[PDB]
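Okay, so here's the structure we're looking at.
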Amino acid sequence: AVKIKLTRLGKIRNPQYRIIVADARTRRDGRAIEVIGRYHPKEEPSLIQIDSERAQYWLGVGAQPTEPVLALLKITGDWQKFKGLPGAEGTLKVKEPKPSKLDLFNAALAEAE
Amino acid sequence: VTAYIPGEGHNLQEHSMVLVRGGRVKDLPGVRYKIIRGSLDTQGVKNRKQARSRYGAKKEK
Amino acid sequence: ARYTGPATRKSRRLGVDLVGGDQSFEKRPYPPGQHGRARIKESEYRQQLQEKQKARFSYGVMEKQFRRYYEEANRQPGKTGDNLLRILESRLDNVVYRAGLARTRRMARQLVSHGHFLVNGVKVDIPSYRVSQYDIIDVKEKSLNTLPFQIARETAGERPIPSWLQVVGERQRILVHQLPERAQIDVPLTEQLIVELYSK
Amino acid sequence: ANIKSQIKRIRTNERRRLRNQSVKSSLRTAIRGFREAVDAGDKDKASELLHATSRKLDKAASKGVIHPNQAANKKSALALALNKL
RNA sequence: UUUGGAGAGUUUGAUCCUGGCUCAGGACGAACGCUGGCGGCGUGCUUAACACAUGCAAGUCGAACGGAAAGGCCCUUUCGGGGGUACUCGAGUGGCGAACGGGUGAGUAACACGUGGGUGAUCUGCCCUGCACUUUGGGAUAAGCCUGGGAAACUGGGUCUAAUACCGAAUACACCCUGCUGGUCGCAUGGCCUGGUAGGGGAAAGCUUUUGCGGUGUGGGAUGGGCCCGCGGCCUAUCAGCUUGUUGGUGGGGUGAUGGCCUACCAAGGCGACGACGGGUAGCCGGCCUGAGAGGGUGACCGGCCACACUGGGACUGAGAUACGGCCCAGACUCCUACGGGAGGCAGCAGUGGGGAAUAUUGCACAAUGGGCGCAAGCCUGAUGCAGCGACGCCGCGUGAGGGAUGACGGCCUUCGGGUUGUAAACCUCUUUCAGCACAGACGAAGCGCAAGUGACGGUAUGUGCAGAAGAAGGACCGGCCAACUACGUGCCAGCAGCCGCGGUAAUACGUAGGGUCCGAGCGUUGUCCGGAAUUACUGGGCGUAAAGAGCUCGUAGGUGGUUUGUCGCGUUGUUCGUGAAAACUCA
Ligand SMILES: [Mg+2]
Ligand SMILES: [Mg+2]
Ligand SMILES: [Mg+2]
Ligand SMILES: [Mg+2]
Ligand SMILES: [Mg+2]
Ligand SMILES: [Mg+2]
Ligand SMILES: [Mg+2]
Ligand SMILES: [Mg+2]
Ligand SMILES: [Mg+2]
Ligand SMILES: [Mg+2]
Ligand SMILES: [Mg+2]
Ligand SMILES: [Mg+2]
Ligand SMILES: [Mg+2]
Ligand SMILES: [Mg+2]
Ligand SMILES: [Mg+2]
Ligand SMILES: [Mg+2]
Ligand SMILES: [Mg+2]
Ligand SMILES: [Mg+2]
Ligand SMILES: [Mg+2]
Ligand SMILES: [Mg+2]
Ligand SMILES: [Mg+2]
Ligand SMILES: [Mg+2]
Ligand SMILES: [Mg+2]
Ligand SMILES: [Mg+2]
Ligand SMILES: [Mg+2]
Ligand SMILES: [Mg+2]
Ligand SMILES: [Mg+2]
Ligand SMILES: [Mg+2]
Ligand SMILES: [Mg+2]
Ligand SMILES: [Mg+2]
Ligand SMILES: [Mg+2]
Ligand SMILES: [Mg+2]
Ligand SMILES: [Mg+2]
Ligand SMILES: [Mg+2]
Ligand SMILES: [Mg+2]
Ligand SMILES: [Mg+2]
Ligand SMILES: [Mg+2]
Ligand SMILES: [Mg+2]
Ligand SMILES: [Mg+2]
Ligand SMILES: [Mg+2]
Ligand SMILES: [Mg+2]
Ligand SMILES: [Mg+2]
Ligand SMILES: [Mg+2]
Ligand SMILES: [Mg+2]
Ligand SMILES: [Mg+2]
Ligand SMILES: [Mg+2]
Ligand SMILES: [Mg+2]
Ligand SMILES: [Mg+2]
Ligand SMILES: [Mg+2]
Ligand SMILES: [Mg+2]
Ligand SMILES: [Mg+2]
Ligand SMILES: [Mg+2]
Ligand SMILES: [Mg+2]
Ligand SMILES: [Mg+2]
Ligand SMILES: [Mg+2]
Ligand SMILES: [Mg+2]
Ligand SMILES: [Mg+2]
Ligand SMILES: [Mg+2]
Ligand SMILES: [Mg+2]
Ligand SMILES: [Mg+2]
Ligand SMILES: [Mg+2]
Ligand SMILES: [Mg+2]
Ligand SMILES: [Mg+2]
Ligand SMILES: [Mg+2]
Ligand SMILES: [Mg+2]
Ligand SMILES: [Mg+2]
Ligand SMILES: [Mg+2]
Ligand SMILES: [Mg+2]
Ligand SMILES: [Mg+2]
Ligand SMILES: [Mg+2]
Ligand SMILES: [Mg+2]
Ligand SMILES: [Mg+2]
Ligand SMILES: [Mg+2]
Ligand SMILES: [Mg+2]
Ligand SMILES: [Mg+2]
Ligand SMILES: [Mg+2]
Ligand SMILES: [Mg+2]
Ligand SMILES: [Mg+2]
Ligand SMILES: [Mg+2]
Ligand SMILES: [Mg+2]
Ligand SMILES: [Mg+2]
Ligand SMILES: [Mg+2]
Ligand SMILES: [Mg+2]
Ligand SMILES: [Mg+2]
Ligand SMILES: [Mg+2]
Ligand SMILES: [Mg+2]
Ligand SMILES: [Mg+2]
Ligand SMILES: [Mg+2]
């Protein structure tokens with residue numbers, strides 16, 4: 001009865017969550033078999049990262065992900081990829097790239113001079 | 001065990017509450033434990049203004 | 001917890017001027033107090049103590065701050081003295097002082113603590129703020145219109161701005177490019193003695 | 001015995017334990033019936049007795065009274081006994 | 001092919017050697033005295049495995065059944081209430097959960113733990129994926145009603161009822177046994193080829209009309225486990241022999257499993273100075289501290305295993321039991337008691353009595369995650385998520401600044417010239433961080449439901465305005481080790497002290513004043529562990545006079561060995577593969 005669980009790591013004001021495959025009788029922060037993904041709620045991009053191949057293998061061998069893990073699977077594209085109904089679509093949004101410090105410095109120098 | 005009495009004055013007598021610590025005195029042979037100054041029934045010495053925290057006396061006003 | 005007492009007394013006691021505009025020091029170079037003229041036995045401990053006191057009380061830094069500065073410098077791959085002096089100069093107060101926007105370390109530290117400057121467009125108010133290579137420091141309009149800041153920027157005729165520091169315009173923008181070298185810093189006193197003592 | 005859940009579990013345990021004891025008594029009766037049959041040294045009476053015993057043990061394994069491996073090993077023991085003797 | 005070792009004081013008229021003692025650093029699950037503004041982060045019974053008031057810490061299904069005590073609707077009403085509805089459900093049968101989760105370290109010198117394998121000798125519900133299916137008959141009872149003891153819990157007797165509850169029979173040849181009969185392997189029996197052949201036997205329950213779940217036997221996954229093995233890891237001969245199922249083998253019993261595991265019959269042995277049996281201490285590991293290194297101490301939190309639930313025995317359940325809020329028995333304690341008889345185990349979350357130096361509030365929520373039940377909605381969760389108290393430890397910020405005099409009061413010295421606190425201060429200006437008063441006000445929730453909503457934290461955090469330098473600093477030391485001195489008061493009295501050692505009238509060492517040094521919201525004292533300690537010296541040392549060749553011989557176990565030839569690959573060395581979880585330390 002293996003189910004994918006979220007392990008509470010990080011800091012109180014901005015929690016950090018991993019995505020782990022482990023037995024249902026293990027701990028929230030204890031025994032783990034593999035580390036496959038993560039979740040970042042503090043960043044409003046809401047960065048999502050997951051190993052598609054490992055997730056697919058676990059779903060095939062018969063994992064029973066919980067509701068939040070299944071929601072993350074929909075968000076990334078893994079659940080609908082497995083089911084094959086709509087296909088493979090990526091709803092994830094990447095973090096906005098930070099403008100380069102070098103170009104910021106160049107613009108500032110140009111403005112100054 | 002033995003017990004040493006620091007300060008220029010004291011009010012200790014038979015059947016009195018005492019708190020002690022460890023400290024060697026060269027002159028007298030067998031004393032190694034010193035009575036804390038200004039605790040329980042023992043009060044701090046008077047006319048003390050400097051080196052005050054060691055002997056436990058209140059600050060002047 | 002900053003230092004409130006006199007700034008001239010430390011210079012008088014340690015025998016070398018610090019601010020450089022101290023008239024009382026040159027007036028009475030002898031140690032202050034009732035028996036400053038008395039000879040003092042020379043000792044390596046005395047020498048090391050005087051050097052470290054000079055450095056710490058001249059830069060106004062706190063003792064534990066200096067201690068972990070030293071530990072970080074020692075852990076740094078480069079030579080401990082160079083790392084220590086570079087990280088110590090990296091302090092924003094000294095950065096602005098050598099940029100010439102400030103006339104004294106105490107007033108510079110107060111200005112930084114109150115936070116009249118802008119760091120990368122975000123207001124930061126930390127007197128011991130870490131400043132790294134290739135950074136940008138900005139100035140707020142509430143500081144530009146401030147009277148003493150105007151006096152400093154229109155009377156900046158102090159010692160020349162070092163190599164790693166340079167001002168670009170009237171906005172008083174300070175930039176750092178490369179890693180200072182002991183020789184081109186040419187800071188007074190010596191660091192070998194201090195590092196030896198802290199190794200002791 | 002503090003709350004309704006565990007008192008009910010108690011009740012059920014004792015009841016179905018009475019049932020369990022009855023069934024185990026039946027199995028043990030079959031076992032020693034075979035024991036004294038072998039001791040006497042019967043052949044056809046032993047044949048039908050062991051047929052009944054195997055039936056009972058198989059049914060017990062089916063309804064979970066005894067481990068099916070336990071029943072199989074017991075049956076193999078009966079076979080070895082009847083063939084040696 | 002890279003990383004790193006410091007000393008000082010102390011025996012003598014003066015010198016050296018060995019060697020003892022003390023100090024300069026780091027750390028705490030800390031305590032004490034004094035002081036004490038704010039924000040952020042972790043942590044809080046090491047003693048009595050002492051005794052415990054109290055409130056909670058495990059329930060869910062009408063889509064299983066009999067039914068309606070309390071609700072809703074529709075029939076009715078005299079407002080006592082009379083019928084159906086399953087929306088809803090008290091209690092009762094029937095499934096599942098309940099060995100999960102959470103605490104502690106008395107017992108152990110042991111496979112218990114890590115490490116690497118074996119299991120041809122092993123089992124395994126709930127999941128997934130295949131194969132053939134899933135006939136029939138019957139008794140009984142809870143419940144409800146009548147009734148007895150009795151305040152009590154609970155209990156005896158009579159009547160009565162349904163189910164997936166219980167019990168016969170329908171096949172099953174993918175299953176299990178016994179007799180006869182072929183190929184491979186070696187790990188030896190014997191295993192495998194689902195080898196082949198003759199005989200024997202092996203079970204089911206329906207509901208629902210909806211994102212459907214169930215019932216029997218067999219093949220494979222994945223987790224879950226069970227047994228065993230080589231190596232490792234305290235002290236102690238002022239503990240020399242121990243053992244009779246003890247050692248080895250044959251027939252039976254037994255469990256799932258091979259097995260002196262047990263029984264009956266045979267043989268007398270096995271382990272022992274390469275430390276048995278005894279005595280003392282103690283849970284173990286990833287780690288932490290110290291240390292360049294080897295080395296030494298330690299098991300905080302967190303992470304993985306072992307064992308325990310007042311003490312001592314026993315057994316059933318189940319796929320699973322040291323069965324902490326399951327059961328039977330023996331002892332101590334407590335409570336109710338109408339004196340007929342009953343009720344109890346906070347080393348679970350809070351809290352009470354004692355211990356000591358000490359360790360907390362009888363606080364708020366399922367808002368996110370995990371777990372349990374049900375098709376789902378839905379229900380429980382002292383797990384978990386948060387708040388309050390403790391300067392216990394870690395990080396950060398505040399109590400101002402520019403100019404201001406050969407330097408205004410007051411104080412102490414003075415050689416009576418004069419110097420000190422002092423750029424300090426009064427002063428002219430400044431923005432005033434955080435507190436203070438108002439406004440807005442979060443993410444944490446692409447989440448839950450087919451509802452129309454959903455944040456305990458918190459109206460905190462965080463931004464936008466208002467007033468004012470307006471509210472904010474103390475503790476040790478100043479003979480040398482050991483950064484820092486003057487005056488005054490009593491002098492072998494009163495007193496200081498980590499070592500050297502300081503007072504017998506002119507003390508920079510006692511007490512008080514000024515001045516200085518150190519630290520800083522912390523400052524000092526105590527305790528513990530490492531270092532310097534080459535002061536247990538394998539890497540690092542000695543034994544003539546400083547501690548040390550037994551008063552001399554003979555001789556067992558071991559260590560060790562002259563020169564050469566062949567062979568083995570045990571020691572040694574090279575290459576490659578598996579593993580060394582997470583967390584931990586370093587680099588970016
Ligand atoms: Mg996010
Ligand atoms: Mg009997
Ligand atoms: Mg049958
Ligand atoms: Mg190194
Ligand atoms: Mg001497
Ligand atoms: Mg002498
Ligand atoms: Mg020696
Ligand atoms: Mg020596
Ligand atoms: Mg206080
Ligand atoms: Mg902040
Ligand atoms: Mg705390
Ligand atoms: Mg209670
Ligand atoms: Mg239930
Ligand atoms: Mg009910
Ligand atoms: Mg069910
Ligand atoms: Mg358990
Ligand atoms: Mg169970
Ligand atoms: Mg546990
Ligand atoms: Mg404890
Ligand atoms: Mg113990
Ligand atoms: Mg016991
Ligand atoms: Mg023993
Ligand atoms: Mg083992
Ligand atoms: Mg183990
Ligand atoms: Mg009944
Ligand atoms: Mg019926
Ligand atoms: Mg049945
Ligand atoms: Mg076959
Ligand atoms: Mg058959
Ligand atoms: Mg049949
Ligand atoms: Mg049937
Ligand atoms: Mg299968
Ligand atoms: Mg299988
Ligand atoms: Mg295993
Ligand atoms: Mg082994
Ligand atoms: Mg070992
Ligand atoms: Mg034996
Ligand atoms: Mg015998
Ligand atoms: Mg057996
Ligand atoms: Mg035997
Ligand atoms: Mg280290
Ligand atoms: Mg080590
Ligand atoms: Mg140990
Ligand atoms: Mg422990
Ligand atoms: Mg642990
Ligand atoms: Mg017990
Ligand atoms: Mg107890
Ligand atoms: Mg006990
Ligand atoms: Mg069983
Ligand atoms: Mg089970
Ligand atoms: Mg239980
Ligand atoms: Mg309890
Ligand atoms: Mg408690
Ligand atoms: Mg007490
Ligand atoms: Mg949860
Ligand atoms: Mg959940
Ligand atoms: Mg749902
Ligand atoms: Mg509840
Ligand atoms: Mg509740
Ligand atoms: Mg605090
Ligand atoms: Mg405290
Ligand atoms: Mg405390
Ligand atoms: Mg000033
Ligand atoms: Mg603020
Ligand atoms: Mg949110
Ligand atoms: Mg969001
Ligand atoms: Mg002195
Ligand atoms: Mg001196
Ligand atoms: Mg004194
Ligand atoms: Mg003193
Ligand atoms: Mg005098
Ligand atoms: Mg002073
Ligand atoms: Mg601080
Ligand atoms: Mg060493
Ligand atoms: Mg050292
Ligand atoms: Mg050593
Ligand atoms: Mg020592
Ligand atoms: Mg010799
Ligand atoms: Mg001799
Ligand atoms: Mg001899
Ligand atoms: Mg001799
Ligand atoms: Mg000999
Ligand atoms: Mg010999
Ligand atoms: Mg030999
Ligand atoms: Mg030789
Ligand atoms: Mg070899
Ligand atoms: Mg690892
Ligand atoms: Mg690391």
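Residue numbering restarts at 1 for every chain of the structure tokens, chains are lettered A, B, ... in their displayed order, and ligands are numbered from 1 as they appear.
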Residues near stretch 45-58 of chain D, cut-off 9 Å, only C-alpha atoms (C1' of nucleotides), skip fewer than 4 positions along chain, as a PDB file with C-alpha atoms (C1' of nucleotides), in the first residue's frame:
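part.pdb, written as the output of this step:
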```
ATOM      1  CA  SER D  26     -13.482 -30.863  16.419  1.00  0.00           C
ATOM      2  CA  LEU D  27     -10.108 -30.819  14.640  1.00  0.00           C
ATOM      3  CA  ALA D  30     -10.260 -35.917  14.310  1.00  0.00           C
ATOM      4  CA  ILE D  31      -6.531 -35.912  15.065  1.00  0.00           C
ATOM      5  CA  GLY D  33      -9.271 -40.406  16.351  1.00  0.00           C
ATOM      6  CA  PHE D  34      -6.631 -41.009  13.711  1.00  0.00           C
ATOM      7  CA  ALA D  37      -6.931 -45.812  14.875  1.00  0.00           C
ATOM      8  CA  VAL D  38      -3.245 -46.072  13.960  1.00  0.00           C
ATOM      9  CA  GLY D  41      -3.701 -50.854  13.562  1.00  0.00           C
ATOM     10  CA  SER D  62     -10.705 -23.179   3.621  1.00  0.00           C
ATOM     11  CA  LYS D  63     -12.589 -21.311   6.347  1.00  0.00           C
ATOM     12  CA  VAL D  65      -9.291 -22.211  11.188  1.00  0.00           C
ATOM     13  CA  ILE D  66      -5.842 -23.595  10.317  1.00  0.00           C
ATOM     14  CA  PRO D  68      -3.421 -24.406   4.552  1.00  0.00           C
ATOM     15  CA  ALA D  71      -3.198 -28.844   6.790  1.00  0.00           C
ATOM     16  CA  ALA D  72      -1.060 -30.037   3.875  1.00  0.00           C
ATOM     17  CA  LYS D  74      -0.612 -32.796   8.495  1.00  0.00           C
ATOM     18  CA  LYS D  75      -2.065 -34.737   5.556  1.00  0.00           C
ATOM     19  CA  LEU D  78      -0.984 -39.078   7.800  1.00  0.00           C
ATOM     20  CA  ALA D  79       0.079 -40.499   4.438  1.00  0.00           C
ATOM     21  CA  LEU D  82      -0.309 -45.144   6.830  1.00  0.00           C
TER      22      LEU D  82
ATOM     23  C1'   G E 200      -7.463 -40.512  -3.014  1.00  0.00           C
ATOM     24  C1'   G E 201      -9.433 -35.704  -1.550  1.00  0.00           C
ATOM     25  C1'   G E 202      -9.967 -30.269  -1.552  1.00  0.00           C
TER      26        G E 202
END
```
Counting only C-alpha atoms (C1' of nucleotides) and all ligand atoms, give me one row per residue of chain E with an atom at most 7 Å from an atom of ligand 15, showing the shortest contact pair and its distance in Å to one decimal, sorted by chain then residue number, as a tab-separated table.
```
residue	atom	partner	partner_atom_place_in_ligand_line	distance
E:95	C1'	ligand 15	1 (Mg)	6.0
E:96	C1'	ligand 15	1 (Mg)	5.2
E:374	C1'	ligand 15	1 (Mg)	6.9
```
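With only C-alpha atoms (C1' of nucleotides) and all ligand atoms as the atoms that count, the set of residues no farther than 10 Å from ligand 79 is residues 548, 549, 550 and 551 of chain E.
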All helix (DSSP H, G or I) residues (DSSP, backbone) inside chain A, as number ranges by chain: A: 52-61, 67-76, 78-83, 101-112
Worksheet entry | Shell around residue E:444 at 10 Å using only C-alpha atoms (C1' of nucleotides), local window under 4 positions removed, as a PyMOL selection string | (chain A and resi 13-15+41-42) or (chain E and resi 367-368+455)
